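Presented as structure tokens, the chain that follows is alone, the form deposited in one PDB entry.
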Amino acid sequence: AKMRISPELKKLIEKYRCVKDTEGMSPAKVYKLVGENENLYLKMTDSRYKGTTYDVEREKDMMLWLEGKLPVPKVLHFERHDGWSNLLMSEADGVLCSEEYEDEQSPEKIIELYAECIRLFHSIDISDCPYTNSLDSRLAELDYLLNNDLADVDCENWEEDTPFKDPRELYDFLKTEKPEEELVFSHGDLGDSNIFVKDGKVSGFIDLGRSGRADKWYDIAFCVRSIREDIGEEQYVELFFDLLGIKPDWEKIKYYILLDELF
């Protein structure tokens, strides 16, 4: 009777053995489905996230549009079912970036990876991109998340050392300090758990709900954040920009890093 997945989807997933992904960092439900020939992945988001960058439907649209443009998983099945948005996809090719690195430190290799991602993204034609994740679009949804108590679970935002007394004060800041934008393909959440590597080169991208048109400093800022909190040495933030062949815009960088605090 009442279920989160349709009988057809259940039929498609029956031959597989399920293993709920143990991470917990977003509202989405991620399940690894192990089979005798391959593994599939089922990602799901509830009604409260409809139309937001968290919505797997939006993620599915981007995943379909990115085929032949970026190495991304194949869309096997998508559905809207009893409030839920369900996506069945293929497993990404290669090794997860966070694994290839882990303890075996190869700093330069990570920076090169991030640089490779940025250049690759800039070569992508966005003339027919299904989504425009402009600051106005992001702020509008952030307002929605705050009004409905759906914004990121405050744990760090409770500390005294927080620059903004509350989410709204941070929101107001982002709304007033909104910088100019130059739309380019944007991943939306460039990080070590969303990138896959094979033979030193990017082999795949996942977590595409926040992907679409956005300013180029958005992803760049994320790389900076990743480099600083994953590697450690600020010298690799220097190498990062050397590889890109540009000078860092710290004002725009600090802003985008701030924009992601509430998500």
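Shifts are known only where both forms have a C-alpha. So that there is no doubt, residue numbering starts at 1 and follows the sequence shown. Between two forms, the rigid core is defined as the largest C-alpha subset superposing within 1.5 Å.
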Taking the deposited Cα B-factors and averaging over 195-203 and over 211-219, the higher mean is found in 195-203
Once average C-alpha B-factors are taken from the entry for 177-185 and 93-101, the winner is 93-101
Comparing C-alpha B-factors across 236, 54, 31, 65 in this entry, the winner is 236
Of the residues 253, 18, 244, 9, the one whose Cα carries the largest B-factor in the deposited record is 18
By the entry's values, the third containing the CA B factor of residue 106 is the highest
Among the modelled residues of its chain, the C-alpha B-factor of residue 231 falls in the third labelled highest
Temperature factor at the Cα of residue 163, chain-ranked in thirds, falls in the highest
Of the three thirds of the chain ranked by Cα temperature factor, residue 85 occupies the lowest
So, residue 147's CA B-factor, relative to its chain, sits in which third? The middle
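The next section is about a form of this same protein that is not shown, the form deposited in another entry.
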Shift test between this form and the one not shown (rigid core reference, C-alpha, 2 Å or more cutoff) over 154, 143, 93, 172 hits only 154
Superpose the two forms on their rigid core, then report whether the C-alpha of residue 242 is displaced by 2 angstroms or more between this form and the one not shown. no
Taking the rigid core as the frame, does residue 12 move its C-alpha by 2 Å or more between this form and the one not shown? yes
Relative to the shown structure, Cα residue 160 and Cα residue 253 in the other form (3 Å or more change) are closer
Relative to the shown structure, Cα residue 153 and Cα residue 21 in the other form (3 Å or more change) are farther
On a rigid core fit between this form and the one not shown, runs of three or more residues in which every CA shifts by 2 Å or more occupy 1-3, 11-14, 152-162
